[PDB]
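Take a look at the letters that make up each chain.
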Protein chains: 2
Amino acid sequence: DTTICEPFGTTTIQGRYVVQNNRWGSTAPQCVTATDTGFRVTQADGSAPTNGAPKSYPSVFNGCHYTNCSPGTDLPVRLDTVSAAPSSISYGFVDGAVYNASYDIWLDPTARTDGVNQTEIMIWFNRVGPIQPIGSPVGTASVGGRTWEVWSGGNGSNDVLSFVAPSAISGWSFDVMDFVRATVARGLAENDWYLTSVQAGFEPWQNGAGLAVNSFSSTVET
Amino acid sequence: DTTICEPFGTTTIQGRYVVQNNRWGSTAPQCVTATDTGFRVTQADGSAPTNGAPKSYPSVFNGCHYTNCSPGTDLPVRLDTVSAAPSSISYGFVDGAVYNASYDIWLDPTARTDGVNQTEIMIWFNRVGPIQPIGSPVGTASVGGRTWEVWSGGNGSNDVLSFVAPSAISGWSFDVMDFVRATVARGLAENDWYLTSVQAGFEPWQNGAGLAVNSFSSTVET
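Residues numbered from 1 in each chain as written, not as in the entry; some residues may be left out. Chains lettered and ligands numbered in written order. Heavy atoms only, no water.

1. Some remarks on the UniProt feature "active site" (unreviewed entry) in chain A
All names here are of chain A. Test applied: UniProt positions are given in the numbering used here, feature names are shortened, and annotations may be inferred rather than shown by experiment. Runs of E in the DSSP output that reach at least two residues are strands. Runs of H or I that reach at least four are helices, and both are numbered from the N terminus. Exposure is judged per residue with a 1.4 Å probe applied to protein chains only, and the accessible area is read against the type maximum: over 50% gives exposed, under 20% gives buried, and values in between give partly exposed. Contacts between residues were defined by any pair of non-hydrogen atoms, one from each residue, lying within 4.5 Å.
As annotated in UniProt, the feature "active site" (unreviewed entry) corresponds to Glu120 and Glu203 in the numbering used here. If you trace the backbone, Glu120 turns up in strand β11 (residues 119-128). Judged by its relative accessible area of 2%, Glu120 falls in the buried class. Ignoring any residue separated from it by four or fewer positions in sequence, one finds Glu120 in contact with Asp104, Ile105, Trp106, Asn155, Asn158, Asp159, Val160 and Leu161. Here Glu203 lies in strand β16 (residues 194-206). Look past the residues within four positions of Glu203 in its chain and what remains in contact with it is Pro54, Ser56, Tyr57, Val98, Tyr99, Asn100, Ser102, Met122 and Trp124.

Okay, here's the thing in structure tokens:
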């Protein structure tokens, strides 16, 4: 295991994914501990107002996030060359934090390895507390066999389309291209765009220690 | 509950799906009992050689199968009008039968309510015994977040593309359009074809009593 408390510290797991503390929105201590198959939040002090941004987005990812590219990633990859982009996750939840458990999937018109990507897809697997996605609710959508409430809006530097689960999903295996297709269908990407990263972790607003990504996988079939 | 032993007997469940005994390939008694959410095989005598056709395909379906259309089905529906075709299943398996647990998804160029449909997609959720799909193995494919061995061939009256699970899947929720897209990608359908039925059940070669479809759902989002 590797513990990271530096706000912008990262490490690699399984020779392929990057674990990032990513404590961009808080000044109180936060640490993650990378394990063989994922990571756990081992400290997450402080509270951010629930009507604003979260404290951070501790997470694990395949792909390129602001110059940081996981070892041997196939991303960024052009979407029309992808037959499938399967991803799986096992989340560990705890009862005394205000947070969401979410994937952040980034798409762009260029093979972006750095800088803000054009469109962000968010998949909320769990939500505890009076928090809500960026933008406003636009109705439901069936993606991957499950029903989601969809939100769309612009978070500042870019567009964000969120798919929110009705109740907690602690583990799932799915094709990231299903959500990409739903995004293309809403006019926020095109088929010849690039998938630049697939990330999963938590956005905590209050506490967060104990939350974990027990396992994660993300590949691309071309 | 409703018991059906007539070879070609059917009934409806939940006001929307058809349960069919469909004992087309055996002369020995076979009965199914339709329940509130699915059906069970309650008798399935006889054995068919494992290098040939199975005895039958007792199953539940949404759509139109040889003139028999489930109550209020949205099928046949044109594929380019479908945003999603979610389906879910809970299978009950037993240890002394030779069989597969499979979905049969039929596609055609016309809004077919009767007669042989052009292309059949088979999804094998479980396989017990020395049986194999129609045709020959053509490699693997990731569909819906899971990995499948794919087979293709022509069964007599039409083309068949099968996706076989590596080990038993007792319950899953998925989008039938993911498999349709993989079929379109292999040249066995086109995007403006029709989805004419989504069926799930078992193909038994030896015994089969005790096998069940505990629950099934199949809808189309347009």
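2. Points about the relation of the copies chain A and chain B
We count it as follows: Copies overlaid by least squares; the fit is on C-alpha atoms.
With an RMSD of 0.0 Å, the operation that places chain A on chain B is a rotation of 180° combined with a shift of 0.0 Å along the axis. In short, the pair behaves as if placed about a two-fold rotation axis. Across chain A, the smallest distance between a C-alpha and the rotation axis is recorded for A:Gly144, namely 3.3 Å. Comparing interface residues between copies, 100% of those in chain A also sit at the interface in chain B, which points to an isologous, same-surface contact.

3. Examining the environment of B:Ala48
Residues and elements named next belong to chain B. Along the polypeptide, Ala48 turns up in the loop between β5 (39-44) and β6 (59-65). In this structure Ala48 comes out as buried when scored by relative accessible area, which is 9%. Separated by 148 residues in the primary sequence, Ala48 and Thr196 have C-alpha atoms spaced 29 Å apart. If near-sequence neighbours (up to four positions away) are discounted, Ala48 is found in contact with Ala53, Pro54, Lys55 and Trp205.

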